[PDB]
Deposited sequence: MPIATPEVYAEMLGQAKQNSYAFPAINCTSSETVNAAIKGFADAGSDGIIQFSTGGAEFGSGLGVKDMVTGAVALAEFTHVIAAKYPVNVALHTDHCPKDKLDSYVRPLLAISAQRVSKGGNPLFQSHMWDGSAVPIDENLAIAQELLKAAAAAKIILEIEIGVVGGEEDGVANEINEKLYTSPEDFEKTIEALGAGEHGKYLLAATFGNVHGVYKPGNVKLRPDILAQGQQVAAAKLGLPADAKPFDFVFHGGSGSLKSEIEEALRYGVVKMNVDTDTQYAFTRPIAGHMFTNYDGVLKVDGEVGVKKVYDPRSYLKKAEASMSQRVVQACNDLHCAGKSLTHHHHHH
């Protein structure tokens, strides 16, 4: 099923408590959503599906090019599919900068608040506010008002703190301001972006622990691993140790999805093309023929991600 806000919070809490993480797979279509969920299920894992601003726009079609429409349409598709699987699937929106809040995250929040007001659950279970391009205080000011709105709609907020230089530098004062402005979850759960290539996360936890009068080994922050494509399956290990509960994946699953399509076109070149006055071969230019292969291949890469992140076999539905 789709993760209810309650099981989503439980997923993240359990991951944090046991030093594992969920892959958060960028999806852009019915096929990629299907590959991602099947991958979670094959790994006996819960998981996260996320739509970027570009993915949402793509999802809405060339005739619309509206992020909200694309995200809503893909979310509604995903709700139907996920109900048929015995793992929990959370829906998320990726990087939304200041100039796109009004045309992406805010209208999506409003849709979920409307649903919650009628006794429903939100359409998405988390949204990312990416304020990295603005000064920290403005970043956290926006974050605070978004966090209140999100919490009230039963939605977790992801944020990104510090400066982008690609890698994300975050100072000890940035970590402190974040705890100060947002608290430690008691005003609504939130996730904090981070990159690697690592002890910065460790320092972030210690800084926050000190601020909160907590033992020096406490991990107040739930971290989100960005930019980890093909990363050292040892950096991943270390990332997990410092409280990463979510690792974003796109590049790796894109290659996995496209790879068999490429192979299909080459081996079936004279079926997918009308060559030398011939009429091609319907069975191989049928989009389902290569897109099933794309799906299965992406699902396999998602299974690998669940194993690398150690969430495989740990779905909260305990379907074993």
item	value
Sequence ranges without modelled C-alpha atoms (deposited numbering)	1, 167-177, 210-223, 347-349
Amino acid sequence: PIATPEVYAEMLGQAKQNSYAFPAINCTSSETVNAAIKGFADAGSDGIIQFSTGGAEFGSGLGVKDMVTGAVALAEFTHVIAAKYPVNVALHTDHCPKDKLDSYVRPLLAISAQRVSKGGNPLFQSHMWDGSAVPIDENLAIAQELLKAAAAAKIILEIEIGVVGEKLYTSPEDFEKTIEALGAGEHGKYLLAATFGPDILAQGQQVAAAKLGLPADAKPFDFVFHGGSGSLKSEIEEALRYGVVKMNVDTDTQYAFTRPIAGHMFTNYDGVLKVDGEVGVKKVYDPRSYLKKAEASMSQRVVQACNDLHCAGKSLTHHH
From here on, numbers count along this sequence of modelled residues.
| property | result |
| --- | --- |
| Of 217-225 and 123-131, the one with larger mean CA B-factor | 217-225 |
| Stretch exceeding the other in mean C-alpha B-factor - 199-207, 177-185 | 199-207 |
| Per the PDB entry, maximal CA B factor within 88, 171, 78, 93 | 171 |
| Among 74, 159, 163, 147 - the residue whose C-alpha B-factor is largest in the record | 163 |
| For residue 234, the third of its chain into which the C-alpha B factor falls | highest |
| For residue 249, the third of its chain into which the C-alpha B factor falls | lowest |
| Third of chain Cα B-factors occupied by residue 17 | highest |
